[PDB]
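Trainee: return atomic coordinates for the entry below.
(chains A, B, C, D, E, F and G, ligands or ions: 1)
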Amino acid sequence: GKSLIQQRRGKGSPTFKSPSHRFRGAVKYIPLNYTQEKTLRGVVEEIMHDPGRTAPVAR
Amino acid sequence: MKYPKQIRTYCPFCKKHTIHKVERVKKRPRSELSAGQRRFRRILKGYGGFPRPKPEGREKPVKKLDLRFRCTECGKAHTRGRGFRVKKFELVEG
RNA sequence: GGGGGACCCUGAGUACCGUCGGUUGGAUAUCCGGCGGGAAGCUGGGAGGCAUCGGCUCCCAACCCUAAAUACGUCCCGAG
RNA sequence: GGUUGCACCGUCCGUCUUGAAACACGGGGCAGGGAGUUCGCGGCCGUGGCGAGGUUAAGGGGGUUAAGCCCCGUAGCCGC
RNA sequence: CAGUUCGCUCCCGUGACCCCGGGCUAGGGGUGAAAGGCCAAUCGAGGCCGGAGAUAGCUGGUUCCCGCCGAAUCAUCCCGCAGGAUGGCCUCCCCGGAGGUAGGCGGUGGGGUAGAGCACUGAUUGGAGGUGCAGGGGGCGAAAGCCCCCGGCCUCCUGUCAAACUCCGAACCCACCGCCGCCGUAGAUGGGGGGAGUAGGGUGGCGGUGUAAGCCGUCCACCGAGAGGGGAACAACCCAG
RNA sequence: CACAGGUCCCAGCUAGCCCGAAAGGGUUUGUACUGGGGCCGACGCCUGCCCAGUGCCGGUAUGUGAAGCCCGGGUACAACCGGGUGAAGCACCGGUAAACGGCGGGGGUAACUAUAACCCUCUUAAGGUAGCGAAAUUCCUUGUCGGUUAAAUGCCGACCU
RNA sequence: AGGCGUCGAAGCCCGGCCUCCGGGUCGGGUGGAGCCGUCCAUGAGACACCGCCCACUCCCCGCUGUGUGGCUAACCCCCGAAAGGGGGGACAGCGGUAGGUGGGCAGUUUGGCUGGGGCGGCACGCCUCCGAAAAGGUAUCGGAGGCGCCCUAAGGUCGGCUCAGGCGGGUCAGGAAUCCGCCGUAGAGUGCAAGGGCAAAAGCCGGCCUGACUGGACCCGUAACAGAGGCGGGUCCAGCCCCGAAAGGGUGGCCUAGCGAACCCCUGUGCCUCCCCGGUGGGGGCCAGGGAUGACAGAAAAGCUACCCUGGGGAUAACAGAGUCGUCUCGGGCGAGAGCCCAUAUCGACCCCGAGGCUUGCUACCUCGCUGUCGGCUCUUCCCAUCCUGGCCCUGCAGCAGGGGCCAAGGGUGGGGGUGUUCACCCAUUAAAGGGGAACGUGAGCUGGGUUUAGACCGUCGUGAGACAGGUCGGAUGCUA
Ligand SMILES: [Zn+2]
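Mentor: Numbering: from 1, shown residues only, chains lettered A, B, ... in the order given. Take a look:
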């Protein structure tokens, strides 16, 4: 027979690939070396809307 | 059908009539050392479909009787005629 | 260039065994490869179409090179 | 010999089919092309050689413009 | 005009809207608001070269002339039924030597069809006679039984039958003998070898089946494979090869 | 067909699902108000019974269960024969129907001689509950009754065989 | 048949523990010379001694694996350019092997006969009777039936007897229990279908036995004529045997059914053989018996296609033609009976003889390298078995009307409702509102409502793909004569 949608999604075609260029970037913590044994201050500069995140993001 | 346990018949080894005990041949499984079984096992290995027929549920309603008559003086067993098929076979003493 | 020795050397995950796939006429007795195991090494080792024991015969792997007789014709001479 | 007149007869061609003029299939005309070939093995026959024997294959020698021609070649095969 | 166009009519026309440039997804794969839709006029698996001169028991075709002989569609087996094999039937060559038999006459044997018949088996109308025979209706009961209709069985008379009946029984056919006839030493009967084609038959009489047409066998006479003369033409009918 | 809305299933992330020969990879610059897999299809009122069958999920004391391993026999060694252990899976047990599907049949019964059954008794797992009904589903069929026409194989309303 | 004893014991007193707490043992002391059995009983005798053990159970050590808990150093995952850190951890992953699950993905099969195919059935392997036509042979989805077993006796042989049914007689006893006479050609039985054969037997009752055997030859049938693997049967030679006095008979059932290749495997039995030779384990070969293919001269085997494709077939179905007329329409013969009497004004039972080809059916003769369907519209033509119109006859014909029949085909035979409808039903008119043929007239004239592709919904059936002479919406009509 013919393929399923789930089967076709595993080949990473543009029909199924996520558009990870409209987004603001991944939100990961700073490297553990800075955070462990030391405490860092930071200032919130901007709050904006991430196209695909379901949550607002901040700088 | 009822059959005697012993009957006196011509013995090809004694060359005269002697008492013989009646026995039924008992089937045995295929010997793994035979040439046919060796060939069958050799071909079965590897990739491919089953290389031999697989008859299913093929068996006559009643089979013939494979009997052997063992002389009571020589101890040798000989065959006697061609078998006949019956579904009941009771050996009766005498 | 020949006779003696009593001392030394002669190729290892190799030969080979079990198992699996392929290949072969190779049939319990072809060859290649994978997986587990794996020697003697000159007071030595291998082969003789199932396996083993004894006799007899032949040979010395696991390193390398080697012209001529052979295949073809993008081409040439010659012939039908 | 060309054409035509009269008397009588005559429903085209190839094909499958029991049966074709067929309301069964293939048929506008002309010219060229077009369909039991080659090898291997086996059975037969027509003819010819030798004959309890027959025959050479690969190949070799002589001669030649040449692959023709001449001679050898007992491996092998069949028969006994 | 066009391997999907033209006119009128009609629907959407701020949105899941329409269109250009640059890119990505490729064949058991892509893509699909899911119609097996679309993927360069090709989609229930694209196109191009290659395997490849694929294979078919199925369709079509198969090229000069005259001479001689000349069939068959039926028995057995096959996943056999539009196809094959072994036989039967045709043709060509050879050996081997003295007989052979399609027709007829007589004889020695076999048969159970047509017809006929009831002696077996099984049916079939009525009348007479004899039987309690475990019928059944009633009269007739302390029980033991008898008095009649009716059912059955047997014999006779009377009127009818049979593919799966026969006490009988042809025409006719078959085997063998003797003879006539015919063929054969210009080599038959018979034997060995080479090559086939034939496995759909039709009409005509007979038999089983069917309302009939027809279906299935049998007879080998004619067409198939056959001219000429006729029945108006006609496959089969008549004369005639 | 899609759609918004409803509900069900898998997954705590080295996950779940998927493409590949492998290496690697899509969902993923993602993290349960998320990613993936089914069905129904705005909205209003509702969604009854059944787990025996098939499917799936959990358990598995016990039976079976391949190789390997162990023991006895055999072979101056093997091939070979008989037993013990033996995972998954089956057998067994339990949940599960907005999972696939199923939701009949008889014996009957009350103010006639009226039909039907409030109600009892067997039958398989249980016997179709609210609704709707000659329906785009009804063979008899142009069912029967009423409206529409002078005339109705039509359309509409009703009965439920 | 005796054993121990200063090579130290009873008989009392404490304690741990196994435990059927039966009751056996054990560390300590008072203890200072004796205690069991040989005896008997017990299916089997000694806690008299000496042996290897039998079943449950404990433990010291070496090895072996299974499970649990922990550790880091292999291996993996994370941050980081790296150095280095964190998380997991002998799990995972990877490589080899073994079992299961597995339409996710492939290659295939899913037979034939058939008055077309499908369902049905088996005429698909055998036996008897008829078909069958008096030698042999002879087919159909021809007619009436059986077989796929059973029997150590229902087999071999020897002797003796004669059956079914009936009549007469006899206690219980009756139709039927067991008995005595007569008749009795088989009307009984012979294992089972049918046919054939059987009377001092092939039947019933008994005695003995296992020829239902081994090694072979030839011949007939399946399968005539006329080819055959396999199979069945018949006539014999030899060996060893059974019955019988003897002749004679016995190679299964009185004859005709009851069954099956290659390869492979099992069993018996003696031999030959395995690569230079010999021994051993094992294998190979010859002969005999056995395991089966019922589609029965022998594949291992499920479906849909309406998305379908290819090669063919009029060897074969649907529409139309052709043959036939069971059926259909129409007509006739007799006259029971009904008609107040009167068969025939009218009807015409039961039965019998016909016409047409206007309904349906049957056959498979022409047409599958295409002869385009039903209905409707348009238009032409023909038959009479005459609906109206013209002319008549009988009447249970007073008139007006009716019923039946005859001659007659020039003319007419219309309009509407539901339904695709032909048809049938209904409405208002009318003289009447007749039936039929022409490729069921007429699509190189038209329309396309139904039938009959490709899309979709409902009911039922199927596990599913899917199907329905069950409904429903949509769905193309080519032309220069
Ligand atoms: Zn003996």
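Trainee: C-alpha from now on. contacts and neighbour counts both.
Mentor: Will do.
Trainee: near RNA strand G, which residues of chain A are found?
Mentor: Listed as neighbours of RNA strand G in chain A under the rule CA under 7 Å from any atom of the strand: A:1-3, A:31-32.
Trainee: kindly recompute the last result at 10 Å.
Mentor: Residues of chain A found near RNA strand G (CA under 10 Å from any atom of the strand) are A:1-4, A:7, A:28-34, A:36.
Trainee: could you dump the residues you listed into TSV with neighbour count and secondary structure added?
Mentor: Output for the residues of chain A next to RNA strand G, formatted as TSV (neighbours: other CA atoms under 10 Å in any protein chain shown; DSSP: H, G, I helix; E, B strand; the rest coil):
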residue	neighbour count	secondary structure
A:1	3	coil
A:2	5	coil
A:3	7	coil
A:4	8	coil
A:7	9	helix
A:28	6	coil
A:29	7	coil
A:30	8	coil
A:31	8	coil
A:32	9	helix
A:33	8	helix
A:34	10	helix
A:36	9	coil
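Trainee: among the residues you listed, which one sits closest to the ion?
Mentor: Proximity of these to the ion (CA to the ion) peaks at residue A:1, which lies at 73.7 Å.
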